[PDB]
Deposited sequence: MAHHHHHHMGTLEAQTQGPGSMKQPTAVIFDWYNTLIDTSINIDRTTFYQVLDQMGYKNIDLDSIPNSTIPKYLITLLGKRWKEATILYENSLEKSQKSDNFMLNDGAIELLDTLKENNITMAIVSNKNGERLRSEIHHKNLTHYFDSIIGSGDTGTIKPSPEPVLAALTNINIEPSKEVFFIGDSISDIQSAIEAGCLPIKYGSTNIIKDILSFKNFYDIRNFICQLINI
């Protein structure tokens, strides 16, 4: 009764992309600024230590910081230097080799989203890339999901897997008639892309 997916939709930030490695300090300065902090100097802190350092600085306000941070990245005109999460390329490549159509649905600005995807040489994997400004609404509306599916010519169903980290991703998937898979930390959930790849390979074979 469980079938291989007819399409796989991915979110970008905090699903495919790890936003905690190569944090742009300028962006986090603005967040800390908005949050009232002064006079935080991150300039001498090694990039790899920045996240643990910020976690201890922010304490209870850490979750709020991550919200502001993602919000800022979505609207940015600046280029990212982020790395993909572990196993992401292996999964994309497995799906491509098996001829399973893929798309991205993100609340990042569509134009900058497409530029970042092309900067990482990943455009060829995706038959539709939908960001904010590409439709009349954003997630958790189903509209951006339905837009990707219109553009890849696949009907919405529970064989369309929407891999996403957020509640808005899950809700958009459900409202669109598609199957949410929660990535990260009633619904299929996986902590990494190696396990998701094994699961999909097991469904295919």
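The deposited sequence has C-alpha coordinates everywhere except the stretches 1 to 20, 206 to 210, 231.
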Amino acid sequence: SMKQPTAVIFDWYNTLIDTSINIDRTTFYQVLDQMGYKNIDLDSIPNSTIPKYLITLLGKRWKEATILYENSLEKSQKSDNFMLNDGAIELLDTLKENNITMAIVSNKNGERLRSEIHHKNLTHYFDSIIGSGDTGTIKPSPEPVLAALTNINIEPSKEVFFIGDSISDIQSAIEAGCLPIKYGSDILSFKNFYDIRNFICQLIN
From here on, numbers count along this sequence of modelled residues.
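The question of which stretch, 75 to 83 or 125 to 133, has the higher mean Cα B factor is settled in favour of 75 to 83. The mean Cα B-factor in the deposited entry runs higher for 53 to 61 than for the other of 174 to 182 and 53 to 61. The residue among 41, 159, 169, 70 whose C-alpha atom has the highest B-factor in the PDB entry is 41. When all modelled residues of the chain are sorted by CA temperature factor, residue 66 is found within the middle third. Residue 143: CA B factor in the lowest third of modelled residues in this chain (values from the PDB entry). Ranked by C-alpha B-factor against the other modelled residues of its chain, residue 96 falls in the lowest third. When the modelled residues of the chain are ordered by C-alpha B-factor, residue 201 sits in the middle third.
The deposited CA B-factor of residue 165 belongs to the lowest third of values across its chain.
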